[PDB]
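Reading through the structure tokens given below for one structure.
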Amino acid sequence: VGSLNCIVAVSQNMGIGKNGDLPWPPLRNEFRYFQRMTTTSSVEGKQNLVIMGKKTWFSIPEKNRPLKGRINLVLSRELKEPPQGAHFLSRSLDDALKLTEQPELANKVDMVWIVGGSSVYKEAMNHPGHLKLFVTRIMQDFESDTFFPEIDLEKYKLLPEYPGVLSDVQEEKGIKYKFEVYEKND
Ligand SMILES: *O=P(*)([O])(O[C][C]1O[C](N2[C]=NC3=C2N=[C]N=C3[N])[C](O(*)P(*)([O])([O])=O)[C]1[O])OP(*)([O])(=O)O[C][C]1O[C](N2[C]=[C][C]C(C([N])=O)=[C]2)[C]([O])[C]1[O]
Ligand SMILES: Cc1c(Sc2ccc(C(F)(F)F)cc2)sc2nc(N)nc(N)c12
């Protein structure tokens with residue numbers, strides 16, 4: 001098993017969701033970036049694993065479920081099996097990561113990507129160890145009901161560059177946004 005990573009897109013007021021969707025109109029290239037980053041596995045013959053909360057799962061439209069070419073693991077304490085389309089179910093982030101060091105997965109999983117929501121992100125970000133955050137900054141306020149947790153810049157350093165990640169400001173349906181990569185190791 002290779003890297004542990006979080007990926008999020010966040011508005012300026014730290015908003016990531018609203019009424020079970022994203023706070024902003026769909027940005028096609030942000031979705032394409034998310035796809036590319038989560039799917040791409042630099043260790044031939046392995047797949048990436050995506051870990052998400054239950055609400056995040058159901059927030060993805062049904063025909064795009066499971067996220068293709070990735071092992072999909074949903075986090076729930078209420079569900080008794082993976083939702084229709086989902087591969088794995090865990091009752092905690094620990095168990096999910098614990099589940100990756102088993103026979104079934106340990107030689108199949110490369111990168112693990114936490115793809116939301118808030119409480120998964122929160123727990124990951126505050127877990128000791130080597131962790132990157134791939135943060136798309138949507139450069140406006142958008143009204144939101146769910147938020148990205150605080151990034152502690154004493155521990156997380158913004159990288160000045162990263163391969164395969166555009167540094168330049170992007171714009172789509174009149175909304176400016178930028179890609180960032182943060183790294184901690186503690
Ligand atoms: O965390 P989300 O996905 O779901 C909450 C639901 O998840 C289960 N949960 C969460 N965390 C754990 C867990 N279960 C076990 N262990 C852990 N650690 C739990 O389900 P149950 O009760 O059945 O056990 C929780 O209730 O939901 P959220 O934070 O409410 O977010 C969804 C919103 O944000 C948007 N979004 C999601 C991901 C990324 C981004 C982004 N912009 O990058 C946005 C969604 O659209 C939605 O609005
Ligand atoms: C969960 C998420 C979304 S929600 C979502 C994800 C995928 C799909 C589709 F590819 F299936 F369409 C739809 C909604 S956009 C996005 N962008 C970044 N940078 N990071 C993320 N974690 C997400």
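Just remember, in the structure tokens the first chain shown is A, the second B, etc., residues are 1-based per chain, and ligands are 1-based in the order shown.
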
Cut-off 8 Å: closest chain A/ligand 2 atom pairs per residue, using only C-alpha atoms and all ligand atoms, as JSON lines:
```
{"residue": "A:6", "atom": "CA", "partner": "ligand 2", "partner_atom_place_in_ligand_line": "22 (N)", "distance": 7.5}
{"residue": "A:7", "atom": "CA", "partner": "ligand 2", "partner_atom_place_in_ligand_line": "20 (N)", "distance": 4.5}
{"residue": "A:8", "atom": "CA", "partner": "ligand 2", "partner_atom_place_in_ligand_line": "20 (N)", "distance": 3.3}
{"residue": "A:9", "atom": "CA", "partner": "ligand 2", "partner_atom_place_in_ligand_line": "19 (N)", "distance": 4.0}
{"residue": "A:10", "atom": "CA", "partner": "ligand 2", "partner_atom_place_in_ligand_line": "19 (N)", "distance": 7.8}
{"residue": "A:21", "atom": "CA", "partner": "ligand 2", "partner_atom_place_in_ligand_line": "4 (S)", "distance": 7.3}
{"residue": "A:22", "atom": "CA", "partner": "ligand 2", "partner_atom_place_in_ligand_line": "4 (S)", "distance": 6.8}
{"residue": "A:30", "atom": "CA", "partner": "ligand 2", "partner_atom_place_in_ligand_line": "17 (N)", "distance": 6.1}
{"residue": "A:31", "atom": "CA", "partner": "ligand 2", "partner_atom_place_in_ligand_line": "15 (S)", "distance": 5.5}
{"residue": "A:32", "atom": "CA", "partner": "ligand 2", "partner_atom_place_in_ligand_line": "10 (F)", "distance": 7.5}
{"residue": "A:33", "atom": "CA", "partner": "ligand 2", "partner_atom_place_in_ligand_line": "19 (N)", "distance": 7.0}
{"residue": "A:34", "atom": "CA", "partner": "ligand 2", "partner_atom_place_in_ligand_line": "18 (C)", "distance": 5.1}
{"residue": "A:35", "atom": "CA", "partner": "ligand 2", "partner_atom_place_in_ligand_line": "10 (F)", "distance": 6.2}
{"residue": "A:56", "atom": "CA", "partner": "ligand 2", "partner_atom_place_in_ligand_line": "1 (C)", "distance": 6.6}
{"residue": "A:59", "atom": "CA", "partner": "ligand 2", "partner_atom_place_in_ligand_line": "14 (C)", "distance": 6.4}
{"residue": "A:60", "atom": "CA", "partner": "ligand 2", "partner_atom_place_in_ligand_line": "14 (C)", "distance": 4.3}
{"residue": "A:61", "atom": "CA", "partner": "ligand 2", "partner_atom_place_in_ligand_line": "13 (C)", "distance": 6.1}
{"residue": "A:63", "atom": "CA", "partner": "ligand 2", "partner_atom_place_in_ligand_line": "11 (F)", "distance": 7.7}
{"residue": "A:64", "atom": "CA", "partner": "ligand 2", "partner_atom_place_in_ligand_line": "11 (F)", "distance": 4.3}
{"residue": "A:65", "atom": "CA", "partner": "ligand 2", "partner_atom_place_in_ligand_line": "11 (F)", "distance": 6.5}
{"residue": "A:66", "atom": "CA", "partner": "ligand 2", "partner_atom_place_in_ligand_line": "11 (F)", "distance": 8.0}
{"residue": "A:67", "atom": "CA", "partner": "ligand 2", "partner_atom_place_in_ligand_line": "11 (F)", "distance": 6.0}
{"residue": "A:114", "atom": "CA", "partner": "ligand 2", "partner_atom_place_in_ligand_line": "22 (N)", "distance": 7.2}
{"residue": "A:115", "atom": "CA", "partner": "ligand 2", "partner_atom_place_in_ligand_line": "22 (N)", "distance": 3.8}
{"residue": "A:116", "atom": "CA", "partner": "ligand 2", "partner_atom_place_in_ligand_line": "22 (N)", "distance": 5.5}
{"residue": "A:117", "atom": "CA", "partner": "ligand 2", "partner_atom_place_in_ligand_line": "1 (C)", "distance": 7.6}
{"residue": "A:134", "atom": "CA", "partner": "ligand 2", "partner_atom_place_in_ligand_line": "19 (N)", "distance": 7.0}
{"residue": "A:135", "atom": "CA", "partner": "ligand 2", "partner_atom_place_in_ligand_line": "19 (N)", "distance": 6.2}
{"residue": "A:136", "atom": "CA", "partner": "ligand 2", "partner_atom_place_in_ligand_line": "19 (N)", "distance": 5.3}
```

Keeping only N, CA and C atoms, write the selected residues as a compact mmCIF listing (two decimals), in the first residue's frame.
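Output file part_15.txt follows:
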```
# COMPACT_ATOMS: atom_id res chain seq x y z
N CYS A 6 -5.73 13.11 1.08
CA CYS A 6 -7.10 13.66 1.03
C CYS A 6 -7.23 14.51 -0.24
N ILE A 7 -8.44 14.57 -0.81
CA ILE A 7 -8.67 15.50 -1.94
C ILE A 7 -10.01 16.10 -1.71
N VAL A 8 -10.07 17.42 -1.95
CA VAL A 8 -11.25 18.18 -1.69
C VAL A 8 -11.25 19.33 -2.65
N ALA A 9 -12.44 19.84 -2.89
CA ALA A 9 -12.60 21.18 -3.49
C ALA A 9 -13.38 22.06 -2.49
N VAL A 10 -12.87 23.27 -2.22
CA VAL A 10 -13.43 24.05 -1.16
C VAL A 10 -13.61 25.47 -1.65
N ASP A 21 -25.30 18.32 -2.40
CA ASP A 21 -24.54 18.55 -3.62
C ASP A 21 -23.35 19.51 -3.33
N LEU A 22 -22.63 19.91 -4.38
CA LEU A 22 -21.50 20.83 -4.20
C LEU A 22 -22.19 22.21 -4.11
N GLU A 30 -12.77 20.47 -13.00
CA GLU A 30 -12.54 20.07 -11.61
C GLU A 30 -12.91 18.60 -11.41
N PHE A 31 -14.06 18.18 -11.99
CA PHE A 31 -14.43 16.78 -11.93
C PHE A 31 -13.38 15.91 -12.62
N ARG A 32 -12.91 16.33 -13.79
CA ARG A 32 -11.83 15.64 -14.54
C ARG A 32 -10.53 15.54 -13.77
N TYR A 33 -10.19 16.61 -13.04
CA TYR A 33 -9.00 16.58 -12.16
C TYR A 33 -9.19 15.55 -11.02
N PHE A 34 -10.33 15.63 -10.32
CA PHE A 34 -10.65 14.66 -9.32
C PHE A 34 -10.54 13.23 -9.84
N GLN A 35 -11.08 12.97 -11.05
CA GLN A 35 -11.09 11.66 -11.62
C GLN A 35 -9.65 11.19 -11.81
N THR A 56 -21.42 11.33 1.28
CA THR A 56 -20.70 11.48 0.04
C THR A 56 -20.99 10.46 -1.04
N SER A 59 -24.21 11.23 -2.64
CA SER A 59 -24.12 12.52 -3.32
C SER A 59 -23.62 12.39 -4.76
N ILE A 60 -22.98 11.28 -5.06
CA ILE A 60 -22.49 10.99 -6.41
C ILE A 60 -23.66 10.43 -7.22
N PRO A 61 -23.84 10.91 -8.45
CA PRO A 61 -25.03 10.37 -9.14
C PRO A 61 -24.88 8.86 -9.45
N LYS A 63 -25.40 6.62 -11.74
CA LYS A 63 -24.75 6.07 -12.90
C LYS A 63 -23.22 6.24 -12.83
N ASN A 64 -22.70 7.09 -11.94
CA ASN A 64 -21.24 7.27 -11.76
C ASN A 64 -20.72 6.48 -10.56
N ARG A 65 -21.57 5.61 -10.00
CA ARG A 65 -21.27 4.80 -8.82
C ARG A 65 -21.14 3.35 -9.29
N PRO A 66 -20.12 2.66 -8.84
CA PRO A 66 -19.00 3.12 -8.00
C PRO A 66 -18.07 3.98 -8.83
N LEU A 67 -17.23 4.83 -8.21
CA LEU A 67 -16.26 5.56 -9.03
C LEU A 67 -15.35 4.60 -9.80
N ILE A 114 -8.86 9.85 0.46
CA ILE A 114 -10.04 10.15 1.23
C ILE A 114 -10.75 11.25 0.41
N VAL A 115 -11.99 11.00 0.01
CA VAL A 115 -12.66 11.91 -0.87
C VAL A 115 -13.82 12.61 -0.18
N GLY A 116 -13.85 12.56 1.14
CA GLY A 116 -14.85 13.34 1.95
C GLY A 116 -15.80 12.43 2.70
N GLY A 117 -16.63 12.94 3.64
CA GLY A 117 -16.84 14.37 3.91
C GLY A 117 -16.14 14.83 5.15
N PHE A 134 -4.85 17.43 -1.30
CA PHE A 134 -4.95 18.03 -2.60
C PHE A 134 -6.22 18.88 -2.54
N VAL A 135 -6.04 20.19 -2.58
CA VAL A 135 -7.07 21.14 -2.19
C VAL A 135 -7.28 21.99 -3.43
N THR A 136 -8.51 21.94 -3.95
CA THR A 136 -8.88 22.88 -5.03
C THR A 136 -9.55 24.04 -4.33
```

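Those residues of region 92-143 of chain A that DSSP, working from the backbone, places in strand (DSSP E or B) are residues 109, 110, 111, 112, 113, 114, 130, 131, 132, 133, 134, 135, 136, 137 and 138 of chain A.
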
Output file for the selection above: C-alpha atoms, as a PDB file, in the first residue's frame:
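Saved the output as again10.pdb:
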```pdb
ATOM      1  CA  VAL A 109      -4.148  -1.166  -3.134  1.00  0.00           C
ATOM      2  CA  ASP A 110      -1.603   1.529  -4.240  1.00  0.00           C
ATOM      3  CA  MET A 111      -2.777   5.031  -3.212  1.00  0.00           C
ATOM      4  CA  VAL A 112      -5.603   5.648  -0.780  1.00  0.00           C
ATOM      5  CA  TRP A 113      -7.651   8.806  -1.337  1.00  0.00           C
ATOM      6  CA  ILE A 114     -10.045  10.148   1.228  1.00  0.00           C
ATOM      7  CA  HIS A 130       2.738  11.300   6.188  1.00  0.00           C
ATOM      8  CA  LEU A 131      -0.357  12.791   4.551  1.00  0.00           C
ATOM      9  CA  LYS A 132      -0.971  15.039   1.562  1.00  0.00           C
ATOM     10  CA  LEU A 133      -3.986  17.175   0.919  1.00  0.00           C
ATOM     11  CA  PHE A 134      -4.951  18.025  -2.596  1.00  0.00           C
ATOM     12  CA  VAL A 135      -7.073  21.143  -2.191  1.00  0.00           C
ATOM     13  CA  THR A 136      -8.883  22.875  -5.031  1.00  0.00           C
ATOM     14  CA  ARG A 137      -9.536  26.524  -3.920  1.00  0.00           C
ATOM     15  CA  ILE A 138     -12.735  27.770  -5.427  1.00  0.00           C
TER      16      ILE A 138
END
```

All helix (DSSP H, G or I) residues (DSSP, backbone) inside chain A, as a count of residues only = 41

Distance in Å - atom 20 (O, counted along the ligand's line) of ligand 1 versus CA of residue 20 (chain A) =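 Taking atom 20 (O, counted along the ligand's line) of ligand 1 as the start and CA of residue 20 (chain A) as the end point, the length is 13.6 Å.
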
One residue among A:99, A:16, A:91, A:183 is nearest to residue 3 (chain A) when using only C-alpha atoms, and that residue is A:183

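In terms of minimum interatomic distance to ligand 1, A:145 ranks closest within A:154, A:145, A:44, A:172, counting only C-alpha atoms and all ligand atoms.
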
Non-local contacts of region 87-89 of chain A (10 Å; only C-alpha atoms; under 5 positions in same chain excluded) as a count of residues only | 21

Using only C-alpha atoms, which residue out of A:2, A:83, A:103, A:17 lies closest to residue 118 (chain A)?
->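 Checking each of A:2, A:83, A:103, A:17 against residue 118 (chain A), counting only C-alpha atoms, the winner is A:17.
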
Between CA of residue 27 (chain A) and atom 18 (N, counted along the ligand's line) of ligand 1, what is the spacing in Å?
-> 27.6 Å

Between CA of residue 36 (chain A) and atom 29 (O, counted along the ligand's line) of ligand 1 lies a distance of 22.5 Å

From the set A:168, A:161, A:101, A:123, which residue has the shortest atom-to-atom contact distance to ligand 1, counting only C-alpha atoms and all ligand atoms?
->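 For ligand 1, the nearest of the candidates is A:123.
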
Within 9 Å of residue 24 (chain A) using only C-alpha atoms, minus same-chain residues under 4 positions, as a list in words = residues 11, 17, 18, 138, 142, 143 and 175 of chain A

For residue 165 (chain A), please output as a ChimeraX atom specification all residues within 8 Å (counting only C-alpha atoms; exclusion window: fewer than 2 positions along the same chain).
-> /A:161-163,167,179-180

Take the residues from that selection and put them in a file with N, CA, C and O atoms, as a PDB file, in the first residue's frame.
```pdb
ATOM      1  N   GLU A 161       5.083  23.324  -6.092  1.00  0.00           N
ATOM      2  CA  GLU A 161       4.759  22.673  -7.345  1.00  0.00           C
ATOM      3  C   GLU A 161       4.510  21.231  -7.092  1.00  0.00           C
ATOM      4  O   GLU A 161       4.945  20.647  -6.075  1.00  0.00           O
ATOM      5  N   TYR A 162       3.809  20.600  -8.016  1.00  0.00           N
ATOM      6  CA  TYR A 162       3.624  19.149  -7.938  1.00  0.00           C
ATOM      7  C   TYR A 162       3.327  18.636  -9.342  1.00  0.00           C
ATOM      8  O   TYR A 162       2.532  19.284 -10.060  1.00  0.00           O
ATOM      9  N   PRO A 163       3.972  17.519  -9.729  1.00  0.00           N
ATOM     10  CA  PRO A 163       3.817  16.939 -11.082  1.00  0.00           C
ATOM     11  C   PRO A 163       2.386  16.568 -11.374  1.00  0.00           C
ATOM     12  O   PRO A 163       1.753  15.853 -10.616  1.00  0.00           O
ATOM     13  N   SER A 167      -0.407  24.705 -11.769  1.00  0.00           N
ATOM     14  CA  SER A 167      -0.276  25.771 -10.746  1.00  0.00           C
ATOM     15  C   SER A 167      -1.134  26.972 -11.080  1.00  0.00           C
ATOM     16  O   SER A 167      -1.366  27.839 -10.229  1.00  0.00           O
ATOM     17  N   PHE A 179      -5.573  24.739  -8.092  1.00  0.00           N
ATOM     18  CA  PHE A 179      -5.157  23.460  -7.446  1.00  0.00           C
ATOM     19  C   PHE A 179      -3.943  23.665  -6.500  1.00  0.00           C
ATOM     20  O   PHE A 179      -3.048  24.443  -6.820  1.00  0.00           O
ATOM     21  N   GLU A 180      -3.934  23.009  -5.335  1.00  0.00           N
ATOM     22  CA  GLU A 180      -2.849  23.123  -4.341  1.00  0.00           C
ATOM     23  C   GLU A 180      -2.590  21.722  -3.808  1.00  0.00           C
ATOM     24  O   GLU A 180      -3.447  20.875  -3.738  1.00  0.00           O
TER      25      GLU A 180
END
```

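The residue that comes closest to residue 170 (chain A), out of A:100, A:144, A:47, A:29 and on the basis of only C-alpha atoms, is A:29.
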
Minimum-distance residue to residue 98 (chain A), chosen among A:181, A:50, A:37, A:1 (using only C-alpha atoms) |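 Ranked by minimum distance to residue 98 (chain A), first place goes to A:1.
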